[PDB]
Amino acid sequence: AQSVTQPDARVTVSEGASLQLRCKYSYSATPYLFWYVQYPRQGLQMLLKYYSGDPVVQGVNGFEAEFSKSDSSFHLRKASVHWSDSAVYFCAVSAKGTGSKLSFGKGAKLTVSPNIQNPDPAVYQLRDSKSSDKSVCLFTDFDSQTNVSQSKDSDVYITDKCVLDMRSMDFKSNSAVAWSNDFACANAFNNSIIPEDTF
């Protein structure tokens, strides 16, 4: 009978910015409320729980959820998100008589975009390790704000942006890959490019 609703399936927020993931559920005189987090390629971990009392459940990782009897909600907030907080966030609720049988939300995939200090956009050409003629185009070092779009050709291939972190020297960079088997570097990426990039 119980139903849980998370309005936004995908949320993107800048690093160090303020975050709110929303959880509304069907009425219950006895609400048991939870937030679970699922980091990539793992299972779920309990983040927060509420059975009663002070409606502000305060996490140690900066997260906190608040139970609203009036709104009938349990919203998750963080004042300043870390880049590590990129995960899928499920809220779950149960009621008396089914206290140990949860009802889950559809979840919300959270992408934390990194703040790139020194954007030096570029489109490089990389050759195969073996067959020198077969190559691949790489758009890299663009900022978080720009947006890669899929192929218009449909026989050219373009991957979405992808953040990598060289933690050994604290460096983060965005990346997108294009390839096709009439192909160069500039002809690809026909969407929203920043003009000041090396070719």
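Residue numbers here begin at 1 and follow the sequence given.
Where coordinates are absent for parts of the deposited sequence, a chain break appears; between neighbours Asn181 and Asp182 it spans 1 to 3 residues. Relative to its counterpart among 185 to 193 and 21 to 29, 185 to 193 has the higher mean temperature factor, C-alpha atoms as listed in the PDB entry.
With 133 to 141 and 40 to 48 compared on mean CA B-factor from the PDB entry, the stretch scoring higher is 133 to 141. Annotation for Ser173, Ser70, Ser151, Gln58: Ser151 ranks highest, by Cα B-factor.
Among all modelled residues in this chain, the alpha-carbon of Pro119 has a temperature factor (C-alpha) in the highest third. When the modelled residues of the chain are ordered by C-alpha B-factor, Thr198 sits in the highest third. Split the chain's modelled residues into thirds by C-alpha temperature factor. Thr5 is in the lowest one. The deposited CA B-factor of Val156 belongs to the highest third of values across its chain.
Sort the modelled residues of the chain by CA B factor and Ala65 lands in the lowest third.
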